[PDB]
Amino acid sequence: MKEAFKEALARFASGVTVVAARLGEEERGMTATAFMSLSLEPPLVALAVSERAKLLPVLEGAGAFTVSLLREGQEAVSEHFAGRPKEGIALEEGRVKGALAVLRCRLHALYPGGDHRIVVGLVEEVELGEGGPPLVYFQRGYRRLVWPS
């Protein structure tokens, strides 16, 4: 079921992020396309994390997390943090190295979201990688932007 809903959302293109959190001995990363800018004042971003995600309890307990925006060529990173292991993929300094950008957030608020939890982060630090095209997901596949334009 939900074929129509999925076909519709498959038609919404987006960049790809890796959301990560560290709580004690555990540090987890998870691939997420459900990400969006939320506020400028204060600087907030919103994400939807599955209630079934192992990342969730870690992020909740940590009270802070990072969001790395993947660039073109990082499909392997996305696949790895999406549950399809790739050799040698790892987080460095709590985030994805070589990403277009990294947002280090303090957990600002959480809200119910059906089978997902709405996670709101207050951006406290911003890391900017070198400019370039992003990793894009649209219609059930990784895509590239016609770049430059």
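One-based numbering along the sequence shown.
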| query | finding |
| --- | --- |
| Comparing 85 to 93 with 32 to 40, the one whose average Cα B-factor in the PDB entry is higher | 85 to 93 |
| Stretch with the greater mean C-alpha B-factor as recorded in the entry, comparing 21 to 29 against 124 to 132 | 124 to 132 |
| From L55, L100, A46, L110, residue of greatest CA B-factor | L110 |
| Record-listed C-alpha B factor of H80: chain third | lowest |
